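Look below for two forms of one protein chain, each set out as structure tokens: first structure 1, then structure 2.
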Structure 1
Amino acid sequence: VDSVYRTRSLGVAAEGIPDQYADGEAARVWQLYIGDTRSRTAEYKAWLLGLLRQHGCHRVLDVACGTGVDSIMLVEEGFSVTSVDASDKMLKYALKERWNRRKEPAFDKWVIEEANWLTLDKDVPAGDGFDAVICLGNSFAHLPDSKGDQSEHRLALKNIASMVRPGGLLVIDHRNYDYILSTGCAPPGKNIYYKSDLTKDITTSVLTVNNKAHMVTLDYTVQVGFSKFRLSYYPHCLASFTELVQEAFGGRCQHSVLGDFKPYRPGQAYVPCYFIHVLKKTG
């Protein structure tokens, strides 16, 4: 009596017709948000390039490839890059760019593939390991804790850490969720990786379950009239993440925290938008 019926199953497609909700308002306005990245900050570039040159890295794995913007730079700067993402929607933009530039030998040798953090061991050939593995742009926080024990968090980290060769580097960030939690507000335009050329009003929703933060949902609105879209994030605190990320290497690592590209010292006056963890695999 109350059952519903589909034209087609969730997840499938068909020639000649747009994929499910691919042409909706939300998906359209979101396509502008992810395209709002042709102003990478000079400060972000310098710091990441400086880091990788400083540690002598050549083979880099980017495990949160997205549209490919971090990976593209590294391709242009002569690294040997493998880029990997779980989301085909975003990966589409990276593959596209590679194709458009396929006649430059550097882009011809750029490796791009689907992989999931939770099955990364199987999804990616790592050999002895990569010189550096990167997970920037606050992407790790997209993985929620559905199981309730952060077991998916630990598995993802362990798998990501296991890509790093001995003496190699893991660079991984998250946004300053300590601040967001205590103020309830996630201010817009504070992306220090890329300067936004796109105006945003953002509503911030924090969900706390049994007295433990569980989820932060941002509702983005853009002018047109005006239309909105929504994304959600797990709010990692610095102290918890610091513990999780080291656990990932079974304690065998050197660890340090940057705040917006500079050394961080707890109780320092400057409250950074982002924490970046840098980990040298000690074995």
Structure 2
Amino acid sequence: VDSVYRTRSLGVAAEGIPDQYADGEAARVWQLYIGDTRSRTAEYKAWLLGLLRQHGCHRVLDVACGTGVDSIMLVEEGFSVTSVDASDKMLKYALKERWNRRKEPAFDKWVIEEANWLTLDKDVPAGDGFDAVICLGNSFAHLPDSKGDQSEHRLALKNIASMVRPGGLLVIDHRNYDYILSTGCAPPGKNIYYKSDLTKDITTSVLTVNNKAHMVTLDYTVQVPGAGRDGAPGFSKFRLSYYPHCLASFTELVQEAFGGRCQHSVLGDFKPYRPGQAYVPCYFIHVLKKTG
């Protein structure tokens, strides 16, 4: 940048806290999108639990709470979890669940609050920090690169990492965009995080600005059970936008978030991942262990 900036300000304000779930439709049918939460959680439940235990983790912070899917599981499995999320439309359901099982000592001590990765540091006073932090379900990819540089990405990734107690863990994932970008289309159905026969369609939309992948927009079509007598089925339609993080780049990004003081590894779909391997994962789970 030339010269010095003394008077920035903003004469035009178009965008502003853009909560993609503010409309509320995605939340209303998330359950329908996920399908059988038990069937979903069945996969990687063993791995996540095993990993958490192997590193003696008891305090877990879920920064992508959503409707509570994984927070709930960790709660049931005896962990001390606190869940945050920026969308009060989503949290609204996790809360609903907690209240429903408010008579279970475990759930009584479940913490659910609103927070944003961009301002996590101030939203969730980590203090000593957590034994483990989780960002599953392709949540981070929602963060856009509006500023031109992945600054936002870096900041958010930093704050999140800042919640990991030394020797703690960070499990953050993202869709396999190395494939979506290559084929223009996102994998059809049979997803480990979202496996519901209710989801009738997912239309991709890749936007490369000046020859560089800038954004992937998915348009979902989830059939709301019923929505019309026999002969007329009804559906719900919502759209979500993600930054297509290529594996290599994220690996670098996330690692940098820890200032290199960490141990990085990545699995395909919670299975070991070696480039060139036959199996093409739909998600890439990054496992980081802070050391200093």
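Throughout, rigid core stands for the largest set of C-alpha atoms superposing within 1.5 Å between the two forms. Structure 1 provides the reference sequence; residues are numbered from 1 along it.
Core-superposed comparison between structure 1 and structure 2: the Cα of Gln31 travels 2 Å or more. For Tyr194, the CA shift between structure 1 and structure 2 after superposing the rigid core equals 4.0 Å. Relative to the superposed core, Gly127 has its Cα moved 2.0 Å between structure 1 and structure 2. Taking the core as the fixed frame between structure 1 and structure 2, we note the C-alpha of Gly16 moving 26.2 angstrom.
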